[PDB]
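Accompanying notes for the structure given below.
All Cβ positions, even for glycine, are placed from backbone atoms using ideal geometry, and neighbour counts span all protein chains on display. None of the figures in this text is laboratory data; all of them are computed from the coordinates on show.
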There are 2 protein chains.
Amino acid sequence: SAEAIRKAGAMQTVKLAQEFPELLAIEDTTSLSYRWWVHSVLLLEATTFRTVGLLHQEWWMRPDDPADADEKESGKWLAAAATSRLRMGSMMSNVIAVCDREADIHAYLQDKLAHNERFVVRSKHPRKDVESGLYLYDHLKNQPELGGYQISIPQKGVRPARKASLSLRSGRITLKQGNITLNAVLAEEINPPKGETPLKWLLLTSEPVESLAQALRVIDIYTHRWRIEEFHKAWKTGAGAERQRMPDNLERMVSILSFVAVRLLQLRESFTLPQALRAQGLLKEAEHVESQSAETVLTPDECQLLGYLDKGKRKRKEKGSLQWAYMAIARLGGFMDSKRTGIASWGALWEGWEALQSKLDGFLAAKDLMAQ
Amino acid sequence: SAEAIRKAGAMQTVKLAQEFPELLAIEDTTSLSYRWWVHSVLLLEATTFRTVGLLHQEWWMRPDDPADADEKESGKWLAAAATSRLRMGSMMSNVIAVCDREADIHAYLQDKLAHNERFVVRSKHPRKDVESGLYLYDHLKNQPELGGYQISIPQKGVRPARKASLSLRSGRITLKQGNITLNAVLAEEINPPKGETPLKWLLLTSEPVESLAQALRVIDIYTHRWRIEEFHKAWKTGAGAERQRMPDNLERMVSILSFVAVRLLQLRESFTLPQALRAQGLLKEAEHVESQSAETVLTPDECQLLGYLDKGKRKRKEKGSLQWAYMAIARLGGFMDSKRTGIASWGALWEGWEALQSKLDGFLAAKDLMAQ
């Protein structure tokens, strides 16, 4: 069952991805534990940055020998990549693998390279320029400032986001590893808020970087790396609620939830996304993101039913909207909305969600008999 | 809303009680608290001892001055009695108020007396025989043993019940209080299990007591006092689940749950009752108790729906039964049933129950539209 499911799900994610000219494949590996690992390949839309669907989940337990995880892990990725392309196919070309590599950078790249896959990878540590004999940060820091830029870096805790000023620098770079030369992007916070550790990124990518415009697209894309964590979060919640409230179905159901933490991710997005957009001037987008139907995330049954269920409720929420829907589902989950945010939590969502799910059993039950 | 509800509910309890020749009104006052009081009048069937419905709920908070509760409380009862008879009416005659009085015995009795209400009251402490100038236990203990008898006294903790041997003694007795003379029943355990505190009851009642047969009916009826605690328990659970998981609706909803902890009480009974019966030889009863439909506790919607929902499930459970139903609802709540008891807990019940409730929203939702 488990894997076969995935394939199915995946399939869905792929078919959905064709309807778009360019997309980003965000990926990370995580520690999901009970009271083993999961590398996930999440895909967004490269224009509205709206989540499209989860492309793949690499599951594996803890590398038995102590320090043998870093190897067991470092190949799970490959496996995935390997299986992403397999799934995606030729769309692959429309995909910019976004991520962070703490290790085996080399690999990833050679791997990405042989296949001529697009990407952006932020290099977590210090590597070396084999043609400058100079450190990345170094070589790169010696380049002439390409120009300034301000992005919106997230902030966690409770929480709005913090706008950060950036000083970019572009460059080509050859790693030691296998004499792999490629373009780097160096971004340093300018006047970082008080006490806040100054931002500083060193991205390597397939993508152009000659001009400030070119380097932004990179800095930007990257900036959209954090999305996967959310997925992760929305998941571990709707999960650690079912494993906080409930066999053989343990590694199974999660695989489900994964595809269920998506729709929620896409229900919250219906609202947040738009907001984000504006803040960056992009109106058309937001305008399209927010202007989504429900049919996008929902199901007629889930649509009709969630309709009756949530009757004397919408205000700003356009009728038949994803936005609406999200909201309904929030309420059903208990969206009081004190602080006036319109930003329901994962719990409420999962609630109203699972809830929207029960009543369904009803409706569906009737409907069936209603015939037979 | 709150009280008006009760009245409604009550009404139901009354109308249901007419269909029976004799009934017992069990009553107790309880401490329901959050993280004030409730005297409840629960009614059973005096022949199968199957719960009929809750007759009344006396609600009141803590008597502000310290030791002023015992007075505030001691009149809440009256209030109830007063309001039970009001509700019941002439059926009153078919009712044997069963209970335990730690205080104001006198009152209760005078009260019961003036109205010519039937009853059995166990006198928790030592009062005095004003015509024997001898203590109850005393006077009574001087009487000749009327004969032996074995009943089934419950056992708590985790738990089957403990059969206890009894040595009865009958008698008339006049209290000091208002020169109130009435019949007493003295029951003492014979060879009580090891370490177990020996049983010993001193009941006062309207009922006959001359012959062993007459005294049993009393000892028996009484023995059916514990039922109210269950109600209480089934309630505080399905409650402290909704107050463990969730305003203005706090004192309201409970009043509901009260009428909802009944049906569950009646769903468990569908099984337990029968068992109890047999153990006491009474077959016809059990045979009728267990032979109940669902329509008794359920609703067509809840019946049909709980039907689909629980399809590939029954075995011993006769089709269309309360028993069935109970079981279904248990499962829906998660009745694994390891120890092989067929004795689901209050939690499972409340679960599958509340659950049976969600899906309903479905079904009912469809059904409505299905038309409109």
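Can you tell me which of A:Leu16, A:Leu54 is crowded, with 20+ Cβ neighbours inside 10 Å and among the aliphatic types (A, V, I, L, M)? Break it down into steps so the answer makes sense when it comes.
Values: A:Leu16 fails: crowded, with 20+ Cβ neighbours inside 10 Å.
After ruling out the rest, the residue left standing is A:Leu54.
Any residue that is in contact with an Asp or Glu (Cβ under 7 Å, 6 or more places away or on another chain) and not small (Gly, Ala, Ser) - is there at least one of those in region A:281-299? I'd like the intermediate steps shown before the answer.
We begin by selecting, within region A:281-299, every residue in contact with an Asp or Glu (Cβ under 7 Å, 6 or more places away or on another chain); these are none.
Checked region A:281-299: no residue is in contact with an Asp or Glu (Cβ under 7 Å, 6 or more places away or on another chain) and not small (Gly, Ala, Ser).
Here are some residues: A:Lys284, A:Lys317. Which one is over 22 Å from the mean Cα position of the chain (by Cα) and either over 24 Å from A:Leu257 (Cβ atoms) or within 14 Å of another protein chain (Cβ to nearest Cβ) (or both)?
Among A:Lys284, A:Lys317, only A:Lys317 is over 22 Å from the mean Cα position of the chain (by Cα) and either over 24 Å from A:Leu257 (Cβ atoms) or within 14 Å of another protein chain (Cβ to nearest Cβ) (or both).
Confirm whether B:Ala215 is surrounded by 16 or more Cβ atoms within 10 Å (Cβ to Cβ) and either part of a helix (DSSP H, G or I) or at positive phi (or both).
Numbers: surrounded by 16 or more Cβ atoms within 10 Å (Cβ to Cβ): yes; either part of a helix (DSSP H, G or I) or at positive phi (or both): yes.
Yes.
Would you pick out the residues in region A:331-371 that are crowded, with 18+ Cβ neighbours inside 10 Å, over 21 Å from the mean Cα position of the chain (by Cα) and away from chain B (no Cβ under 11 Å)?
A:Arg331, A:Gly333, A:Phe335, A:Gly352
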